[PDB]
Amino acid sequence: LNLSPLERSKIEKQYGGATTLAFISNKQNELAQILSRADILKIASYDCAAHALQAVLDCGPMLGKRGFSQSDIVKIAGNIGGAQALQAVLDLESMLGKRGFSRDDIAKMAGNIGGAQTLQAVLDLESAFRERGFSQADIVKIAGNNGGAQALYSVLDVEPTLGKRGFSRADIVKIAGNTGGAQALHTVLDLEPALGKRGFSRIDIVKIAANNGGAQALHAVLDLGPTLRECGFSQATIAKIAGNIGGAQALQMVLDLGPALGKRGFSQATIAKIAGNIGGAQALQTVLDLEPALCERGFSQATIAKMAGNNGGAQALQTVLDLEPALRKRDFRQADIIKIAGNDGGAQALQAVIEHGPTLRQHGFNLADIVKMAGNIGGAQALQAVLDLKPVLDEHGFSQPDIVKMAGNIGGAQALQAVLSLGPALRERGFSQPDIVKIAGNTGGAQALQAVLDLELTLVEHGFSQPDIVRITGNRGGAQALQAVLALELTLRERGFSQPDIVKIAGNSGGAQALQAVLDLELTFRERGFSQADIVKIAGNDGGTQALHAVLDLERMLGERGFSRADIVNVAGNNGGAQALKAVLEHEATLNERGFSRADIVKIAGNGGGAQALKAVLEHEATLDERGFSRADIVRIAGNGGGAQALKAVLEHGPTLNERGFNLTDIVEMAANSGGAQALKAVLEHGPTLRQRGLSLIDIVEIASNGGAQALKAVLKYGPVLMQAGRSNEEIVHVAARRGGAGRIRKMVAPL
């Protein structure tokens, strides 16, 4: 073929290169029958390639007939000693085939330097290995990386001893599989007894030895270990540090750099963490080298330690030092830079921001959006995915906030890709685009989308609706929850649970566990006096699993303290139920002391955020008592959703309202509904205005108590217009002072 002067002169430099070029020219037709152009040039890129190419002509045709690819031929011939290796294959492929070695295995082994001797060694030792329980695949791994005959004999020599010392064949092959793995095996044999007495397990030894530089790592543990232990490092830490590639160097760096790092303020736990990742040695060194400059840029010590404590920690620090100026120019604050760099692969994320940031801005994303998308593990791939998929994202009709939402989580890149791949399919199934964004919009969203597509038909056929499915998979862990529904549906319904019960239990985060927990704990619940309906109520919220267990762990003490089964259910059966149930047991004696009945306690704790409501009563009951509020007033105020906030509102705004003419009874009335806090604040801020316009305090109390803040704002907004139209205060109050008062006001004001 037409070789450029570059392709030519590359070959000429090789020993016997001029002959190789000549051979190719003089034998171009013959070679073209067996190999492509690229195959020829690859083989030609080695010394004495003329011998190898001649061997291709002499062996190639037969090897083609015998099942060897062009790729295998190149692997064998394209190496030092390739001519000999290719001949060896042709002479031995048949016998090797008999022994259960595939074409691929034969080519792999022969692909080693001096592969001809590798193959002969295998034939000589195959029966020995087979007798000892090893497979053909093990032999290939042992022979790999130019292990050759020596690696095979090394394994045979040490195996029976390592066997007696409690090492598996899998451990042995794993260690042997690396470069210098045979030497690693001998090192294991020599050092294992001392390692064991120092306190290291077989597993730690195998793990340390099964990396490149493993033998050196084993030596480092024994020789550096004692000094590290004197420096306060445990054997578990030493093993973990040594357990990664470059483990030996990392241990030495802890020893060498440790003292100077501590004197700068870094703890030993921090030093160990930085060292315990791959590239820990470089990270430790980079900290010592770059910490002064980073501090001179303003980064705190804890910040530096955190960036270094992740995988790629060394790159993170270096990239942060390099990119920080340009990032700051783009008005990134230091905290944002830190957020982006403080994860695994932070360096790549920073570089992604620099590279893609400008384009992202032009697409409408702001700094916060970029920081959110890049500020996760895999942040670099998320930003990249956004730019690459943007035209398709635009076509499908996804908004920019939709993009930020499903890309702004861990796994965001995969979420975007999954939504473009599975989206149209799900829309044809009947799922809306906003529901698709919801499902894709959590970590694991890619799997959640797939789960829906896979299970939708079956679940619908069983009586579940598509909105039910959206509800179940629209949370974190959504795929698992849906899978749990499919798996456990039969059992739950056989036990007497309805499909809406199942949906409710599964329809919250942690739903997979909640479903299983209901199955596991139902019998125990019925025995302790609870009903199936109670179980659904308790498990049917966020943290339902913890709520159920909290019931089982606390029901005895609570019952003995005068709380009924119904009381327990009402307390535990809301969001944060486990905390509310615990708070009751913690404060019931003190609350009783302050004049609150069992029923009072249940009422206060029996709403969402019941624990905080209890806490708020204890913290404020004394002051409220002093001001003239009765125990019953306090219970009414705190005994609704948001009771803690309502209680605080009375505490903070009450006197002012009282100064203005509002009596305590009215204050209690305005506050003793859900959203009572908003009501009081609405009266505080807008009350004087309504009063100026001609509304009495009584009117204001009526509206605030029965219509809430919503109704007040509606009267504030539309009141003047209605008055000009001839409506009296009696009419406006009647219209507004009701649930939905805002809507009734709007209806009356409409024609104006």
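The first residue of the shown sequence is 1; numbering continues from there.
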| property | result |
| --- | --- |
| Mean temperature factor over C-alpha atoms, higher-scoring stretch between 433 to 441 and 263 to 271 | 263 to 271 |
| Greater mean Cα temperature factor according to the PDB record, 575 to 583 or 91 to 99 | 91 to 99 |
| C-alpha B-factor winner, where the candidates are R636, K197, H219, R526 | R526 |
| Out of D666, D223, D454, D600, highest CA B-factor residue | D454 |
| Position of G375 among the chain's modelled residues by C-alpha B-factor, lowest, middle or highest third | middle |
| Third of the chain, ranked by Cα B-factor, where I11 sits | highest |
| B-factor third for the C-alpha atom of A121 within its chain | lowest |
| Position of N706 among the chain's modelled residues by C-alpha B-factor, lowest, middle or highest third | lowest |
| Among modelled residues of the same chain, the CA temperature factor third for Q362 | highest |
